[PDB]
Structure formats: structure tokens, C-alpha cells
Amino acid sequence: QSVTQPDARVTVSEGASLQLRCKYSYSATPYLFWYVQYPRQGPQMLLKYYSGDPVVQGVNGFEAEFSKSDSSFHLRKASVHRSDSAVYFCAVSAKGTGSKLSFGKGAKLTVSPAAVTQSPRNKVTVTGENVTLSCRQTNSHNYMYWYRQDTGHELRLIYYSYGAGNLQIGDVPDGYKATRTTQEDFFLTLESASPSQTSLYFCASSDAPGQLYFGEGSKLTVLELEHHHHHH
């Protein structure tokens, strides 16, 4: 499986027209999504496709067209404002796993002249420390997710949950434990923090397959102190 975005970097003049490309290779035609991520924020869904009308209308003035023969789901907007400067993620859901949302590599757009609360906005520790990231949502959503995003890259799923007490593995679970104690609460635990676990962690909740509402992000840095020292 896979989603493909041909250009990591795109620059267009203010007021001009935009087309962001996306192509998928899947055995069965999947559920298709576009997400936007403004600086210092969690991703926000723009539009989604399940079936029917191949042309779908998004928020903020975006639209996308699905093409089966071309296996494409390109995003487009008539006239771009300065405030459209963000990273755009083509995203997909496998037909048999509708709630597991997987991201494309992402496109950074430079246009030139979600009641999910997560407890630690910022944290710095050292190797070996116990770190718990909290996440609470009052949306009455049954799906909750924990992603991580290395700066410059896309969100990668660690764990997700369907109902209290449920735990389902994501793509990158090694080194993490998670607990869905209640409908509203989903904890992420790093029992022994490693320097490879420094990134931006996003919690999310969902009500509908692939349609996720992201928290504001928990940025964690874990330092091996010995590393930033020249031995005497």
C-alpha cells in the first residue's frame, strides 16, 4: 500500500491557482482524505471521499477530484491567500481498516506576497525518565489515536483505541505503552524515554472512519546529556 505526493515543496504567488497532486497505489480503492496543518497546530481535515460524486467540496475553499482510472485524488483552490501557507497531507484509509488513517509524505505550501485537549504542550527530559502524555476529549467519540511527527515529516500512528480498555497497535509502537482508561481519556507512556522519542506527539479522536480531530500537540525532547559534551 501507499500514498504519493510528488513535491515536498511548492511555492505559488498570492492570488494564483493551486493544484496539489496525490496518487495512491492500493489493491482496493481506499477512503481518501486531505488534511491541512498550520504552524504550531494539529492537522485539520479539509475534505473526505467514500464514494458517489467524484468531486468533493472541502472547507476553507478547497475541492478535490477522485479518479479511479488515474488512481488520483488531487487537491485544488481557485485563489490562494497568504493564510493558506501550511503543510498539506494527502491521507488514506484502507478498505478493511477504515478507521486507521495513514498519511502521505506532505506538501509544504509557501504562498508569497477539535475539542481534544492534551496535557503537556512542551516537555524536556533526559534519557531514562518516565514520561506520560495525557489526552482528554469531550466529543463522545469512540476512536482515539496517538501519533508522532518528526519535524519535517508526517504523522505516524503509534496506538489507537476503539472504546474504553481497547488497544490496537499502529505502525510505530515500539517503546510506547498506551491506556484508554475511559471513553474520554487516552494516555501515552514512555517508561524509559529514549532520544529517538523526541518529536511532536498528536492525540486525535474520531467519530467516522478516517475523519479525525487532532489535539494541539505535545512536543517532547529527550536528551542524552553525555552527547552534548566533549570529554576532558
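So that there is no doubt, residue numbering starts at 1 and follows the sequence shown.
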How many residues sit between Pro113 and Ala114 in the deposited sequence but have no coordinates: none, 1 to 3, 4 to 9, or 10 or more? 10 or more
Looking only at CA atoms, which has the higher mean B factor in the entry: 75-83 or 96-104? 75-83
Output the stretch having the higher mean C-alpha B factor in the entry; the candidates are 61-69 and 182-190. 61-69
Selection from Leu47, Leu200, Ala28, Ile169 [criterion: highest C-alpha temperature factor in the record]: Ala28
B-factor third for the C-alpha atom of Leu109 within its chain: highest
Chain third (lowest, middle, highest) by recorded CA B-factor, residue given as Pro195: lowest
Determine, from the deposited record, the chain-internal third of the Cα B-factor for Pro43: lowest, middle or highest. lowest
What third of the chain, by the recorded C-alpha B-factor, contains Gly52? highest
